[PDB]
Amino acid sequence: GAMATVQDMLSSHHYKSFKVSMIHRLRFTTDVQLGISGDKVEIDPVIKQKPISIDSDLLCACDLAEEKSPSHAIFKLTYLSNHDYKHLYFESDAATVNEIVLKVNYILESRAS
């Protein structure tokens, strides 16, 4: 019904941050805070260590890339940056990863009317 749909929209678009590790190369990762809302995705350190800030309208996709075990999953976020697709990869435990992938797709899917 209308209450449940509104509540799910609030809940998927509210800002929420997640402690994940960003993967620069095979086994070279840094710990980050990944902040996601309906308006922006931000990546801040807890190789480039300048914060990253992406307008949510420049996001393209967010997919699960590998789930190893309940405690190790990797996902890939794709966005536009000065006219090219870039990919960021992060890993965390599998429940966290699945929550993040669903939240980002729920925001991509909400753009249509």
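Just count from 1 along the sequence shown to find any residue number.
Where residue 46 is followed by residue 47 in the displayed chain, the model omits 10 or more of the deposited residues that sit between the two. Higher mean CA temperature factor between 99 to 107 and 18 to 26: 18 to 26, per the PDB entry. Higher mean CA temperature factor, per the PDB entry, when comparing 7 to 15 with 87 to 95: 87 to 95. Of the candidates 80, 62, 32, 65, the one whose C-alpha carries the top B factor in the deposited record is 65. In the PDB entry, residue 58 places in the lowest third of its chain by CA B-factor.
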